[PDB]
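Below: the structure, in C-alpha cells.
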Amino acid sequence: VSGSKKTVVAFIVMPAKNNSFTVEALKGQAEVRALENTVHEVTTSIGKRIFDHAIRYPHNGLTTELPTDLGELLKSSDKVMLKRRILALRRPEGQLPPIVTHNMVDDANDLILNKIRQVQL
Amino acid sequence: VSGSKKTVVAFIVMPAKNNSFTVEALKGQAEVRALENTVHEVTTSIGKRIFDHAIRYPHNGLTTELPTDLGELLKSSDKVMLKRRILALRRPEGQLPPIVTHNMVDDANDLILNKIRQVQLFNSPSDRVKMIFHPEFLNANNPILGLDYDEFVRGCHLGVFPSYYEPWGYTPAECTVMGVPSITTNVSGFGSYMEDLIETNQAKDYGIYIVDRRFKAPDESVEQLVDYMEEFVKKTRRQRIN
Amino acid sequence: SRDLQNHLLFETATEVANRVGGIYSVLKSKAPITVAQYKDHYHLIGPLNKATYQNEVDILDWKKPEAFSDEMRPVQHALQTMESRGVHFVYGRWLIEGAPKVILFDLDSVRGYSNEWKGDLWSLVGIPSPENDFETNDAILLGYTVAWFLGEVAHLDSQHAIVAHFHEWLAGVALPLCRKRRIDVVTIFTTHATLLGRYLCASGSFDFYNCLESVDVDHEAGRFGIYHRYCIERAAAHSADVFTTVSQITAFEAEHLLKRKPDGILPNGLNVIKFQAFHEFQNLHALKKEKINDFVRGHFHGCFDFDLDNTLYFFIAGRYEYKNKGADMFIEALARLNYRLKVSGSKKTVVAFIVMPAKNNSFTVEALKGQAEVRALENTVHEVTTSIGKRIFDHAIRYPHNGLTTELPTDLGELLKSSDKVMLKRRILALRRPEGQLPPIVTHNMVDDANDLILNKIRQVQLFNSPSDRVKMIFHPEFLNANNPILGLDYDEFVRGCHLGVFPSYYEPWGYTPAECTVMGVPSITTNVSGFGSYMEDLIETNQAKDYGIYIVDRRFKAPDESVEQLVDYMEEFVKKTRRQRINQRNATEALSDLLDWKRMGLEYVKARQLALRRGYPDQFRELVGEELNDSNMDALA
Ligand SMILES: O=c1ccn([C@@H]2O[C@H](COP(=O)(O)O)[C@@H](O)[C@H]2O)c(=O)[nH]1
Ligand SMILES: O=c1ccn([C@@H]2O[C@H](COP(=O)(O)O)[C@@H](O)[C@H]2O)c(=O)[nH]1
Ligand SMILES: O=P(O)(O)OC[C@H]1O[C@H](O)[C@H](O)[C@@H](O)[C@@H]1O
C-alpha cells in the first residue's frame with residue numbers, strides 16, 4: 001500500500017519432521033555456484049585483455065588508455081557460456097520461490113505451513 | 001626488408017663484473033606487477049556486475065541477458081587507478097628499452113656492449129630484432145627473471161652458440177636434451193659429434209643447426225648463421241612444435 | 001552432348017535445414033567439402049518446416065540476375081517454371097559451415113494435387129497410401145514436386161550432366177518417377193538403414209543376422225503394418241542408377257530385404273576439427289578427467305577407498321535401446337570383469353558410466369548433497385591452508401631470530417591449530433554415509449525404477465558398488481550437459497575425459513558414437529554388426545586394430561556367450577595397460593581420426609556420383625577416359 005521499495009525475507013527456524021532438503025533447494029544453489037564459476041573464468045579473460053591494452057598503449061594504433069567498447073573484452077565464446085548459465089537459473093512458467101527448504105513428513109498437517117497458506121504469502 | 005611481422009628477443013647470458021640490476025630494471029618489474037594487481041581488482045568488481053545482471057535478468061528492466069555497454073561494468077573509479085598505473089609505466093621521451101639489465105663495472109670497455117653499440121641494435125621500435133644482455137647467471141631468486149637456467153632454456157625457441165673454440169659444449173647439449181633446437185659450429189665438440197651422427201642436411205629437421213667454421217671465411221660463416229636464423233623465423237607454430 | 005567433367009548436383013532428404021534424425025548431421029558435416037568441389041553447381045532439396053527454418057536458413061532472392069552464374073542460368077528459369085504454377089518455395093543459404101544453396105519446397109502448396117498423384121503412384125508402382133499416415137503423404141508430395149523439378153532442369157540445362165542424390169525412403173518417391181518418365185538425370189539412392197531391419201530387431205528375440213536370407217519381405221512388411229512404407233523403400237532401391245548403403249553390414253541386410261545388391265558403401269564422415277598442437281588432446285583429457293574425478297569423489301563420499309590415479313572411466317552412451325545398443329552385454333561383461341579383477345588381486349578400478357535417457361524425476365537429493373558436501377570440504381581446506389601459509393611465511397621470514405633453530409616448521413602443531421582441526425573434522429562428519437549404505441547405481445529418481453531394463457540388469461548381476469567390487473556402476477539416465485549440477489560436462493568433454501568407450505551394438509547401421517570417440521582419440525569397443533565396426537574391420541588387420549584402440553567384437557559368427565567372453569577379454573586386456581601404454585594408444589587412435597574425416601570419406605561419395613554417370617552415359621564416359629572400365633562396383637570403376 002505504502003509503495004515501499006524495501007523487502008523483508010523472514011526465516012522461521014523450528015525443527016519439524018522432514019526428509020531433508022528438496023531437490024529444488026540443492027539444485028538452485030548448484031546452478032548459482034555454476035554461474036559464479038563461469039563468471040570467474042570470464043573476468044580472468046577480460047583481465048588479460050584490459051592488461052594487454054594497458055601495457056601496449058599508445059602503440060599499435062591504440063588511441064584510448066582503456067578499452068571503450070565492451071566487444072574488445074567480451075567475446076562470443078564468453079557470451080555463450082554465460083547465456084547457458086542464465087538459462088539453468090530459469091524456472092518453469094509461473095513457478096514461485098518455495099516457502100520451505102525441506103521435504104516435510106506431514107506437509108498438509110504442518111501448523112506453520114497451514115498458517116502461511118492461509119495468509120497467502 | 002622482407003616486411004616480416006615477427007620479432008626476435010635475443011638474450012645474452014654471460015657473467016661480467018657488475019653492480020647488480022639497474023634501478024630501471026627492478027622498477028619496470030614492480031610497475032608491471034602493480035598494474036596486474038589493479039587489473040585483478042577491477043575484474044573482481046566487473047565480476048560482481050556481470051554476475052548481478054545475470055542473476056537478475058529479465059527483471060528490473062534488464063532486457064538483454066548480458067551487459068552491452070562497457071559503462072555498466074567499468075566505473076570511473078576503476079578507470080582512475082588503471083590510469084595511474086598506466087602513467088607509471090611511461091618512460092621519458094626518446095628513452096629506449098635498455099640493452100643491459102645491470103650496472104656494469106667498466107661499461108665503456110665491455111666487449112658485448114661495444115659490439116651491440118657498434119651494430120646499432122638499440123631496441124628501437126622499428127628494430128625487428130631486440131637485444132638484452134643479462135650479465136649474471138640465471139637463478140630462480142633473480143628478482144626480475146625468477147627462472148633457473150634450465151627453466152629459462154625450455155622457455156626459449158632457439159639456442160645460438162657459434163663457438164670458435166669449444167672442446168665439448170654443455171650449452172647446446174642441455175639445450176637439445178630439453179627439446180630446444182640449437183645452432184652450433186662444426187668446430188665445437190658437440191657440433192662435430194652430432195654432424196658425425198646424422199646426415200648434415202637431415203640434422204636441420206632434428207633441430208641441430210651446424211654452421212661451418214672450418215671451410216668458410218668468417219664472413220661466409222656469419223652469412224650461413226643468418227640463413228639459419230632466418231629459416232627458423234619463417235617457421236610456423238606447428239612446424240616449431242614438430 | 002552433355003558434360004561429365006562439369007556437372008550439376010542435387011542432394012535430397014527430409015532432414016535438410018530441419019533436424020529429425022541423424023541424417024541432419026551427415027548432410028551438414030558433409031557440406032564444406034561438397035561446396036569446395038561444386039560451389040554453385042551443388043544444391044540441396046528438402047521440404048519446408050515452417051516452425052523452424054528461420055533459425056537455419058539465410059533467405060535469398062532467386063530473381064535478380066546476380067543470383068545465378070551464366071552456366072547456372074537454367075536453374076533460374078527452372079525455378080521460375082515452378083513458380084509458373086504457384087509452387088511456393090524458399091531459396092537460400094544453409095546457416096552452417098560451407099553455407100550451401102538449398103531449395104526448400106513448401107508442401108501445403110501442392111496438398112491439393114494429392115489424390116491425383118496418390119492414384120498415379122498406385123498404378124505406376126503399386127504403392128498404397130493410407131491417409132492417416134502423414135509421413136508417406138509428405139514423402140509423396142515431396143517426391144512429385146522434386147521429380148517434376150528435375151524434369152524442367154533436364155529440359156533447360158544442356159551443357160552439364162545432372163546428378164540427383166536421395167537419402168532414405170522418406171525422400172525416395174521421385175526415384176521411380178525419374179525412371180519411368182525417362183528423364184535425363186542419373187540418380188543415386190542411399191539407404192541409411194532398412195525399414196524391415198529396424199522392425200525385425202525391435203522385439204530383439206529374432207535371430208536377425210542368420211534368418212534374414214530366409215524371410216518373406218512382403219509378409220513381414222504387412223505384419224508390421226508398413227507395406228506402403230516398404231514399397232517406397234524398395235522402389236527407390238530399384239529405380240536408382242546407383243544404389244548405396246552407409247556400410248557393409250547394412251549392404252548385406254539391404255540385398256536380402258530390398259532385393260538388390262548395393263553398388264557400394266558411403267560411410268559417414270565427420271568434420272574433424274584439428275588442433276595446432278598434436279598433443280593438445282592429451283591435455284584436454286587430463287583436464288576433463290579431473291572433472292569426472294570431481295564427480296566420483298562426491299558420489300563415493302564416506303566410502304572412497306580407491307585411488308583415482310589408478311581408476312579407469314568406461315562408458316556406454318546413446319539412445320536407450322537396451323538390446324540394440326547392447327547395454328545387456330555391457331553390464332553382463334562388467335560383472336564378469338569384476339570377477340577377473342578381484343581374482344588376480346589387481347588394485348585397478350573401473351567406473352562404468354551408462355549415459356542413456358529414460359523417464360526420470362531429476363537428480364536424487366543424495367547426488368546433490370554429496371556434491372555440495374565435498375565442495376564444503378574443499379572450501380574449508382582452502383581456508384586452513386591460508387592460515388597455514390601465514391604460519392609458514394612468518395617462520396620463513398623471521399628465522400633465525402626469536403629462537404627459531406630450524407629454517408622451516410617441523411611440528412605440524414605450529415601450523416595446524418585446534419580450531420582448524422575442529423572445522424576439518426566437521427566437514428568429514430558431513431560426508432559420512434549411514435551404516436552399511438553403499439553408493440547408488442543411479443543418479444536420478446526414476447519414473448519406473450522396478451521395470452527399468454538397465455537397473456534390473458545391474459541388480460541381477462549384483463554390481464552394487466561395494467568396497468570389494470573393483471568394477472563400479474553408475475547409471476545417468478539423462479544426456480550430458482555442462483549445465484548438469486553434478487557432472488557439469490557437455491558430452492564431448494566427458495568423452496575426452498574417459499578412457500574407453502564401449503559400444504557392443506547389435507543393430508547399428510552406422511554408429512556415430514564410436515566414431516565421435518575415435519575422433520577425440522578415445523579407444524572404443526565396437527561390434528562387427530555395427531556399421532562403424534564393419535568399416536573399421538576392412539581398413540585394418542585385427543591384431544593391429546587393438547593397438548590403434550579399435551576393438552571389434554564378433555556378434556555375427558559367435559554365440560552370445562562367446563561374444564560376451566570376448567568383450568571381457570578386451571576390457572581386461574585394456575585394464576592391464578600402464579599409463580604409458582594408454583597414452584600411446586590414444587596417440588594412435590587420434591592418428592586414425594583423419595580416415596573418418598570427410599576429406600577422405602568424401603571420395604566414396606565421388607566414386608558413387610561417378611558410377612552414376614558411367615552408367616547413364618557410358619558412351620560419353622568411355623571416350624572421356626581411354627576405354628570403358630568395369631562398372632558393377634564403385635570399387636571396380638576407380
Ligand atoms: O645461467 C646459467 C648459464 C649457464 N650455466 C651453465 O654454464 C655451463 C656452460 O658451459 P661453459 O661452456 O660455459 O663451460 C653449462 O653447464 C650451464 O649449465 C648455468 O648454470 N647458469
Ligand atoms: O549425453 C549425450 C550422449 C549422446 N549424445 C549424442 O547422441 C548420439 C548417440 O548416437 P545414436 O545412439 O543415436 O546412434 C551421438 O551422436 C552423440 O553425439 C549427446 O549429444 N549427448
Ligand atoms: O588418465 P591416464 O590414461 O592415466 O593418462 C593421464 C595422462 O594424460 C595426458 O597425456 C596428460 O597430458 C598427462 O599429463 C597425464 O598424465
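Chains: A, B, ... in order of the C-alpha cells. Residues: from 1 per chain. Ligands: from 1, in order shown.
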Kindly provide, as a PyMOL selection string, all nucleotide and amino acid residues lying within 9 Å of ligand 2, counting only C-alpha atoms and all ligand atoms.
chain C and resi 21-22+25+316-321+325+355-357+478-481+490-492+494+508-516
Wanna dump the chain C-chain A contacts at 10 Å for me, each residue with its shortest atom pair and the distance in Å to one decimal, counting only C-alpha atoms, ordered by chain and number, as a tab-separated table?
residue	atom	partner	partner_atom	distance
C:361	CA	A:23	CA	9.9
C:362	CA	A:23	CA	8.2
C:363	CA	A:23	CA	7.0
C:364	CA	A:23	CA	7.0
C:365	CA	A:23	CA	5.4
C:366	CA	A:23	CA	9.1
C:367	CA	A:23	CA	9.6
C:368	CA	A:26	CA	6.3
C:369	CA	A:26	CA	7.1
C:371	CA	A:30	CA	8.9
C:372	CA	A:30	CA	7.8
C:482	CA	A:84	CA	8.6
C:483	CA	A:88	CA	6.3
C:484	CA	A:31	CA	8.4
C:485	CA	A:30	CA	5.5
C:486	CA	A:30	CA	8.0
C:488	CA	A:34	CA	8.4
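Atom pair atom CA of residue 185 of chain C / atom CA of residue 163 of chain C has a distance of 5.8 Å (rounded to one decimal).
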Pick out the residues no farther than 9 Å from ligand 3, counting only C-alpha atoms and all ligand atoms, and list them as a VMD selection string.
chain C and resid 279 to 287 289 309 to 313 497 to 499 578 to 584 586
Restrict the selected residues to C-alpha atoms and save them as an mmCIF file, in the first residue's frame.
data_model
loop_
_atom_site.group_PDB
_atom_site.id
_atom_site.type_symbol
_atom_site.label_atom_id
_atom_site.label_comp_id
_atom_site.auth_asym_id
_atom_site.auth_seq_id
_atom_site.Cartn_x
_atom_site.Cartn_y
_atom_site.Cartn_z
ATOM 1 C CA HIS C 279 49.290 -33.400 -28.086
ATOM 2 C CA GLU C 280 46.620 -30.852 -27.115
ATOM 3 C CA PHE C 281 44.105 -33.656 -26.938
ATOM 4 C CA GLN C 282 46.249 -35.360 -24.298
ATOM 5 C CA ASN C 283 45.985 -32.159 -22.252
ATOM 6 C CA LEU C 284 42.203 -31.885 -22.621
ATOM 7 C CA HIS C 285 41.926 -35.496 -21.463
ATOM 8 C CA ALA C 286 43.612 -34.746 -18.113
ATOM 9 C CA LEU C 287 41.589 -31.517 -17.730
ATOM 10 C CA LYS C 289 39.145 -36.221 -16.394
ATOM 11 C CA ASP C 309 45.299 -42.151 -10.180
ATOM 12 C CA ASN C 310 44.578 -45.797 -10.774
ATOM 13 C CA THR C 311 40.959 -45.669 -11.954
ATOM 14 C CA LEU C 312 39.617 -46.097 -15.485
ATOM 15 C CA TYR C 313 36.466 -44.500 -16.914
ATOM 16 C CA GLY C 497 37.898 -37.364 -20.055
ATOM 17 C CA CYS C 498 37.109 -41.098 -20.254
ATOM 18 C CA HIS C 499 39.448 -43.936 -21.094
ATOM 19 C CA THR C 578 50.048 -48.995 -17.966
ATOM 20 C CA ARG C 579 49.654 -45.243 -18.279
ATOM 21 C CA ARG C 580 52.466 -45.057 -20.837
ATOM 22 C CA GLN C 581 50.750 -47.744 -22.820
ATOM 23 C CA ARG C 582 47.369 -45.968 -22.756
ATOM 24 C CA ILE C 583 48.929 -42.680 -23.752
ATOM 25 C CA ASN C 584 50.437 -44.176 -26.882
ATOM 26 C CA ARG C 586 45.441 -42.680 -27.599
#
Can you pull out every residue within 10 Å of residue 112 of chain A, counting only C-alpha atoms, but drop anything in the same chain fewer than 5 positions away, and send it as JSON, numbers by chain?
{"A": [12, 14, 16, 107, 117, 118]}
Please save N, CA, C and O atoms of the selected residues as a PDB file, in the first residue's frame.
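To be explicit, this is the file written out as out_0.pdb:
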ATOM      1  N   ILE A  12      11.995 -18.790   9.376  1.00  0.00           N
ATOM      2  CA  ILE A  12      11.450 -19.454  10.533  1.00  0.00           C
ATOM      3  C   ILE A  12      12.303 -20.689  10.647  1.00  0.00           C
ATOM      4  O   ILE A  12      12.444 -21.440   9.673  1.00  0.00           O
ATOM      5  N   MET A  14      12.596 -23.809  12.957  1.00  0.00           N
ATOM      6  CA  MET A  14      11.979 -24.583  14.011  1.00  0.00           C
ATOM      7  C   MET A  14      11.958 -26.028  13.507  1.00  0.00           C
ATOM      8  O   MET A  14      11.405 -26.311  12.438  1.00  0.00           O
ATOM      9  N   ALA A  16      11.054 -29.452  12.314  1.00  0.00           N
ATOM     10  CA  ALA A  16       9.869 -30.282  12.049  1.00  0.00           C
ATOM     11  C   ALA A  16      10.310 -31.559  11.380  1.00  0.00           C
ATOM     12  O   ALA A  16      11.377 -31.605  10.759  1.00  0.00           O
ATOM     13  N   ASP A 107       3.335 -32.580   5.389  1.00  0.00           N
ATOM     14  CA  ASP A 107       3.254 -31.230   4.899  1.00  0.00           C
ATOM     15  C   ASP A 107       1.856 -30.643   5.074  1.00  0.00           C
ATOM     16  O   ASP A 107       1.718 -29.487   5.484  1.00  0.00           O
ATOM     17  N   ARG A 117      -0.128 -20.649   4.310  1.00  0.00           N
ATOM     18  CA  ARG A 117      -1.028 -20.836   3.170  1.00  0.00           C
ATOM     19  C   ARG A 117      -2.266 -19.984   3.342  1.00  0.00           C
ATOM     20  O   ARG A 117      -2.778 -19.365   2.380  1.00  0.00           O
ATOM     21  N   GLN A 118      -2.718 -19.956   4.591  1.00  0.00           N
ATOM     22  CA  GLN A 118      -3.928 -19.272   4.961  1.00  0.00           C
ATOM     23  C   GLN A 118      -3.778 -17.777   4.736  1.00  0.00           C
ATOM     24  O   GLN A 118      -4.719 -17.137   4.283  1.00  0.00           O
TER      25      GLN A 118
END
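Neighbouring residues of ligand 1 at a cut-off of 6 Å, counting only C-alpha atoms and all ligand atoms, are residues 137, 138, 149, 169, 170 and 171 of chain B.
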Tell me as a PyMOL selection string which residues belonging to chain B come within 6 Å of chain A, counting only C-alpha atoms.
chain B and resi 39+43+70
Using N, CA, C and O atoms, can you export the residues from the last selection as a short mmCIF file (atom, residue, chain, number, x, y, z; two decimals), in the first residue's frame?
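As written to disk, result_0.cif reads:
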data_model
loop_
_atom_site.label_atom_id
_atom_site.label_comp_id
_atom_site.auth_asym_id
_atom_site.auth_seq_id
_atom_site.Cartn_x
_atom_site.Cartn_y
_atom_site.Cartn_z
N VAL B 39 44.53 -4.56 -12.24
CA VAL B 39 43.64 -5.26 -13.15
C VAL B 39 42.84 -6.34 -12.44
O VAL B 39 41.67 -6.57 -12.74
N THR B 43 38.76 -6.41 -12.41
CA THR B 43 37.95 -7.55 -12.87
C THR B 43 37.11 -8.24 -11.76
O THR B 43 36.12 -8.91 -12.07
N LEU B 70 29.97 -0.99 -21.91
CA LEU B 70 31.11 -1.09 -21.04
C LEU B 70 30.90 -0.31 -19.75
O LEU B 70 31.25 -0.78 -18.67
#
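Among the candidates C:506, C:275, C:314, C:243, the residue lying nearest to chain B is C:275 (atoms considered: only C-alpha atoms).
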Hey, list the chain B side of the contact with chain C: 8 Å cut-off, only C-alpha atoms, answer as a VMD selection string.
chain B and resid 237 to 238 241
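Within the 12 Å cut-off around residue 32 of chain C, using only C-alpha atoms and omitting residues fewer than 6 positions from it on the same chain, the listed residues are residues 26, 38, 39, 42, 94, 95, 96, 97, 98, 99, 100, 101, 269, 270, 271, 272, 597, 598, 599 and 602 of chain C.
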Taking only segment 23-199 of chain B into account, list the residues labelled strand (DSSP E or B) by DSSP (computed from the backbone), as a ChimeraX atom specification.
/B:100,102-104,129-134,159-160,166,182-185,188
Could you pull the residues within 10 Å of residue 426 of chain C, counting only C-alpha atoms, minus those fewer than 5 positions along the same chain, as a list in words?
residues 376, 377, 380, 421 and 431 of chain C
Residue contacts of residue 592 of chain C (10 Å, only C-alpha atoms) excluding same-chain residues fewer than 2 positions away, as number ranges by chain:
C: 518-519, 521, 548-550, 586-590, 594-597
With the cut-off set at 12 Å and counting only C-alpha atoms, tabulate each residue of segment 163-207 of chain C with an atom at most that distance from an atom of segment 115-131 of chain C, showing the nearest atom pair and its distance in Å to one decimal, ordered by chain and increasing number, as a tab-separated table.
residue	atom	partner	partner_atom	distance
C:173	CA	C:121	CA	9.0
C:174	CA	C:121	CA	10.3
C:175	CA	C:125	CA	10.9
C:176	CA	C:125	CA	7.5
C:177	CA	C:124	CA	8.5
C:178	CA	C:124	CA	11.8
C:179	CA	C:124	CA	11.1
C:180	CA	C:124	CA	8.5
C:181	CA	C:124	CA	10.6
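Backbone DSSP of segment 56-121 of chain A yields alpha helix (DSSP H) at residues 56, 76, 77, 78, 79, 80, 81, 82, 83, 84, 85, 86, 87, 88, 89, 111, 112, 113, 114, 115, 116, 117 and 118 of chain A.
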Produce a file of the selected residues containing N, CA and C atoms, as a tab-separated table (two decimals), in the first residue's frame.
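Okay, selection_12.tsv is ready:
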chain	number	residue	atom	x	y	z
A	56	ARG	N	50.24	-1.67	-23.61
A	56	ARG	CA	50.54	-1.53	-25.04
A	56	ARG	C	50.33	-0.09	-25.53
A	76	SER	N	32.54	-13.84	-28.20
A	76	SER	CA	31.41	-14.72	-28.46
A	76	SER	C	31.40	-15.86	-27.49
A	77	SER	N	32.54	-16.52	-27.37
A	77	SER	CA	32.66	-17.69	-26.52
A	77	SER	C	32.20	-17.43	-25.08
A	78	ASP	N	32.57	-16.27	-24.55
A	78	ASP	CA	32.20	-15.88	-23.20
A	78	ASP	C	30.68	-15.72	-23.07
A	79	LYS	N	30.08	-15.04	-24.05
A	79	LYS	CA	28.64	-14.77	-24.06
A	79	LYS	C	27.81	-16.05	-24.12
A	80	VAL	N	28.28	-17.02	-24.89
A	80	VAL	CA	27.55	-18.27	-24.99
A	80	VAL	C	27.50	-18.91	-23.61
A	81	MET	N	28.66	-19.16	-22.97
A	81	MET	CA	28.63	-19.89	-21.69
A	81	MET	C	27.95	-19.14	-20.56
A	82	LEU	N	28.04	-17.82	-20.55
A	82	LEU	CA	27.23	-17.08	-19.60
A	82	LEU	C	25.73	-17.24	-19.88
A	83	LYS	N	25.33	-17.15	-21.16
A	83	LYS	CA	23.92	-17.31	-21.51
A	83	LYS	C	23.37	-18.67	-21.09
A	84	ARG	N	24.20	-19.71	-21.20
A	84	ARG	CA	23.79	-21.07	-20.80
A	84	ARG	C	23.60	-21.10	-19.30
A	85	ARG	N	24.44	-20.36	-18.58
A	85	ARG	CA	24.32	-20.32	-17.13
A	85	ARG	C	23.01	-19.69	-16.74
A	86	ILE	N	22.71	-18.52	-17.31
A	86	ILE	CA	21.44	-17.82	-17.06
A	86	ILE	C	20.24	-18.76	-17.34
A	87	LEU	N	20.28	-19.46	-18.47
A	87	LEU	CA	19.25	-20.44	-18.78
A	87	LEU	C	19.03	-21.49	-17.68
A	88	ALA	N	20.11	-22.08	-17.14
A	88	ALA	CA	19.97	-23.02	-16.00
A	88	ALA	C	19.25	-22.42	-14.78
A	89	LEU	N	19.37	-21.12	-14.57
A	89	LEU	CA	18.68	-20.47	-13.44
A	89	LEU	C	17.19	-20.24	-13.64
A	111	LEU	N	1.56	-27.05	11.13
A	111	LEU	CA	0.90	-25.83	11.61
A	111	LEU	C	1.45	-24.59	10.92
A	112	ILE	N	2.78	-24.44	10.95
A	112	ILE	CA	3.43	-23.31	10.28
A	112	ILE	C	2.97	-23.18	8.83
A	113	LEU	N	3.11	-24.27	8.07
A	113	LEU	CA	2.76	-24.28	6.65
A	113	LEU	C	1.28	-24.00	6.38
A	114	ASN	N	0.41	-24.45	7.28
A	114	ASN	CA	-1.00	-24.11	7.13
A	114	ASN	C	-1.25	-22.63	7.30
A	115	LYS	N	-0.54	-22.03	8.25
A	115	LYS	CA	-0.77	-20.64	8.53
A	115	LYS	C	-0.23	-19.79	7.41
A	116	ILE	N	0.92	-20.15	6.85
A	116	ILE	CA	1.46	-19.40	5.72
A	116	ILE	C	0.53	-19.51	4.49
A	117	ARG	N	-0.13	-20.65	4.31
A	117	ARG	CA	-1.03	-20.84	3.17
A	117	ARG	C	-2.27	-19.98	3.34
A	118	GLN	N	-2.72	-19.96	4.59
A	118	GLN	CA	-3.93	-19.27	4.96
A	118	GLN	C	-3.78	-17.78	4.74
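In this structure, atom CA of residue 162 of chain C sits 14.5 Å away from atom CA of residue 618 of chain C.
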Shell of 12 Å around residue 95 of chain B, only C-alpha atoms, local chain residues under 2 positions omitted, as a VMD selection string
chain B and resid 24 90 to 93 97 to 99 122 to 125
Could you dump the residues just selected with N, CA and C atoms as a short mmCIF file (atom, residue, chain, number, x, y, z; two decimals), in the first residue's frame?
data_model
loop_
_atom_site.label_atom_id
_atom_site.label_comp_id
_atom_site.auth_asym_id
_atom_site.auth_seq_id
_atom_site.Cartn_x
_atom_site.Cartn_y
_atom_site.Cartn_z
N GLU B 24 66.20 0.94 -12.96
CA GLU B 24 65.22 0.81 -14.03
C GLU B 24 64.68 -0.61 -14.16
N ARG B 90 55.04 4.67 -18.02
CA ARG B 90 55.51 5.62 -19.03
C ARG B 90 57.00 5.85 -18.85
N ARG B 91 57.73 5.90 -19.95
CA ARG B 91 59.11 6.26 -19.86
C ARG B 91 59.40 7.58 -20.61
N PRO B 92 60.28 8.42 -20.06
CA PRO B 92 60.53 9.74 -20.65
C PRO B 92 60.76 9.67 -22.16
N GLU B 93 60.45 10.76 -22.86
CA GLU B 93 60.57 10.84 -24.33
C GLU B 93 61.94 10.46 -24.86
N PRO B 97 64.13 1.01 -24.54
CA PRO B 97 64.35 -0.12 -23.64
C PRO B 97 65.83 -0.50 -23.71
N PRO B 98 66.49 -0.57 -22.53
CA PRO B 98 67.93 -0.73 -22.37
C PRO B 98 68.44 -2.01 -23.00
N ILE B 99 69.72 -2.03 -23.31
CA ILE B 99 70.32 -3.21 -23.89
C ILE B 99 70.99 -4.06 -22.82
N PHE B 122 69.70 -1.01 -30.78
CA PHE B 122 69.40 -0.26 -29.55
C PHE B 122 67.98 -0.47 -29.04
N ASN B 123 67.32 -1.53 -29.51
CA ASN B 123 65.91 -1.78 -29.19
C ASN B 123 65.01 -0.62 -29.63
N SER B 124 65.14 -0.20 -30.89
CA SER B 124 64.20 0.75 -31.49
C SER B 124 62.88 0.06 -31.74
N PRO B 125 61.79 0.85 -31.85
CA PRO B 125 60.53 0.26 -32.28
C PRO B 125 60.60 -0.38 -33.67
#
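Among the candidates B:23, B:107, B:208, B:11, the one nearest to residue 155 of chain B when counting only C-alpha atoms is B:11.
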